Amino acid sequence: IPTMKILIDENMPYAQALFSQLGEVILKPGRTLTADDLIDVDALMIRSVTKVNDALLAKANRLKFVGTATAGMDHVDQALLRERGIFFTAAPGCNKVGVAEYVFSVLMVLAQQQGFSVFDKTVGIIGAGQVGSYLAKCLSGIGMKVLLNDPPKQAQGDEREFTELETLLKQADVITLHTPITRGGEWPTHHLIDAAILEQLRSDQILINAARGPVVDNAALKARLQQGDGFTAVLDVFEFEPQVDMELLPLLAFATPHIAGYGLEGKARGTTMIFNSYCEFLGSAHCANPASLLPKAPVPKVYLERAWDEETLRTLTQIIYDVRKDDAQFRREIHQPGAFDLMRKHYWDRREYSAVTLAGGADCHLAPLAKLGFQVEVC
């Protein structure tokens, strides 16, 4: 029987098991892919390590489909793909779930450490794409007040209610960034949080940047933190990572090596999403989800005796992710050579709220917890 010839990155998780259903699978390390590797190849499945150039496709005589198991697609010349009719797809938002649960962990722990309620704090989301909109969904789901800012999408006709920047920077208690890094365009994000903005940030305001490094001027962030007025900053991304300011590090409430979106589920969605895309491209009925591929969580379900309070919410969410874990490892190991990248490479088997089932009675208020991302079960 004739089959499609599918070239796939060797280290794409669950790739062989999934795509073998769709035809002949060739597994090769993505960094060493040459032009000859695409001879007689119908479809290509890659990660970020493979650059889709003119060079790579020089002998792609059968290439009709290209899928990248990533949320981003800068490693792909998609103007090239477009001009020669090659269908292209990524996995947008494949790792957005982790970021939301990362931000929530940060809020939850800071609430405990500084002694306040998260339901008193207004979160301002700058960047309402895949990541921001999911975070906006989760926070609003449990009844927190969100503030969305997005000048590009608002100009494109997005009819969500957007808050203007200077308003958000004043009206919001917590400021979280979820934008790309851009120097040009109508709405550049390089040093979006600059010196002038930082010094107008109050002592009871929290700044979180788990978007991209250069969005926050790290030098300016340090200067703002060295006043010691109680201003609070959390960085998952650094302006010149893997290098970080070792003077700034002990001033940051939490510091982690670009691992907010990490997690087995999100990593599996990379493969899962482009697999479903290619399935649909072939006209196949096959369909896959990360829940089916992964083993069940260590603590897959817990039971609730009554309705949840803020304390129970902290208890439940920290079963999955506690930001203090990564923070501690990062500070402990960063002095070691290449520890920034090695910590990411050997990241632990982190899950997400969907891996855990919350079982309760109709009087336990699980509907907000379901919107937060948990699986629920009314007894």
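Residue numbers here begin at 1 and follow the sequence given.
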> Mean C-alpha B-factor higher for 323-331, or for 306-314?
Replying inline: 306-314
> What stretch has the higher average Cα B-factor here, 264-272 or 283-291?
Replying inline: 283-291
>> I'd like to know which of 236, 120, 241, 77 has the highest C-alpha temperature factor in the PDB entry.
In response: 120
>> According to the Cα B-factor stored in this entry, which of the following is highest: 257, 98, 93, 230?
In response: 230
> Lowest, middle or highest third: where is residue 103 by C-alpha B factor in its chain?
Replying inline: lowest
> Lowest, middle or highest third of the chain for the C-alpha temperature factor of residue 378?
Replying inline: highest
>> Using only modelled residues of the chain, where does the Cα B factor of residue 81 rank: lowest third, middle third or highest third?
In response: middle
> Of the three thirds of its chain by CA temperature factor, lowest, middle or highest, which one includes residue 162?
Replying inline: highest
> Taking the C-alpha B-factors as the PDB entry records them, is residue 168 in the lowest, middle or highest third of its chain?
Replying inline: highest
